[PDB]
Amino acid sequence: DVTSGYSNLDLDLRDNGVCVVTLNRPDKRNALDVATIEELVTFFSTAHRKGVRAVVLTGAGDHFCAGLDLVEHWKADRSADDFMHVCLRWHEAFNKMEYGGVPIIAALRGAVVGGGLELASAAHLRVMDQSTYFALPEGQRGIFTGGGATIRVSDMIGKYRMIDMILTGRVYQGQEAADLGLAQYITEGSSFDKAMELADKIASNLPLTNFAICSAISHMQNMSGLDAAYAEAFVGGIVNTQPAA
């Protein structure tokens, strides 16, 4: 019951458990409105229990994701509390992606900007192609990132590089972007095909091992290394003694 029914996500579940999840509004470069965020909360809250083994996340069209749907935003005439609540929903979706235990590999193309970079950062692995570029351009437009960029992008490229990106609108692309920490993989070919290659290999690993890799490590990074040491020992104890292992 994985492909249940979603309006704003196109799903393709392959026989080995890899589910392609595609943002489906290329006419607006897949900008994320509140309904799409809720479908991401739902999908990533249930993916593990529904048996999904890995996810390849992509955006329909030439551009991965332009970020916050500004048309919806401007029209909603939001108060500070209304917008704070919208941001909590973005965070719920991305927390379910990051800490959910289902490996997520993003196949990037074109503009990975603003909230779109926040969505890409919620994946475990990112594959960029020759057309891909990254930025947090809204900062210069007076907009602060409220979907996790200050957390995940800093974890990806360093707090001072993330501050630079939002303070100046600086753009990164090509090898320079991969080397900075924006994506672990860069291809001269299809980022979708490379993501699928990675996803198929990951899906052939043990479910429990991938679950721990895709949830425990982020938690350990939130604590003192002297307390994470103890938690890591328990994670290794459970994962490495499973019959299948």
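Numbering starts at 1 and runs along the sequence shown.
> Quick one: say whether 69-77 or 161-169 has the higher mean Cα B-factor in the deposited entry.
Between 161-169 and 69-77, it is 69-77 that shows the higher mean C-alpha B-factor.
> As stated in the PDB record, which stretch has the larger average Cα B-factor, 23-31 or 178-186?
Of 178-186 and 23-31, the stretch with the higher C-alpha B-factor average is 23-31.
> Taking the entry's C-alpha B-factors for this chain, is residue 95 in the lowest, middle or highest third?
Its C-alpha B-factor belongs to the lowest third of this chain's values.
> Looking at the entry's B-factor column for C-alpha atoms only, identify whether residue 139 ranks in the lowest, middle or highest third of its chain.
Highest third.
> Split into thirds by Cα B-factor across the chain's modelled residues, where does residue 201 land: lowest, middle or highest?
Residue 201: CA B-factor falls in the highest third of its chain.
> If you rank the chain by CA B-factor, which third does residue 225 end up in: lowest, middle or highest?
As the PDB entry reports it, the C-alpha B-factor of residue 225 lands in the lowest third of its chain.
> Ordered by C-alpha B-factor within the chain, which third holds residue 60? Give me lowest, middle or highest, please.
As the PDB entry reports it, the C-alpha B-factor of residue 60 lands in the highest third of its chain.
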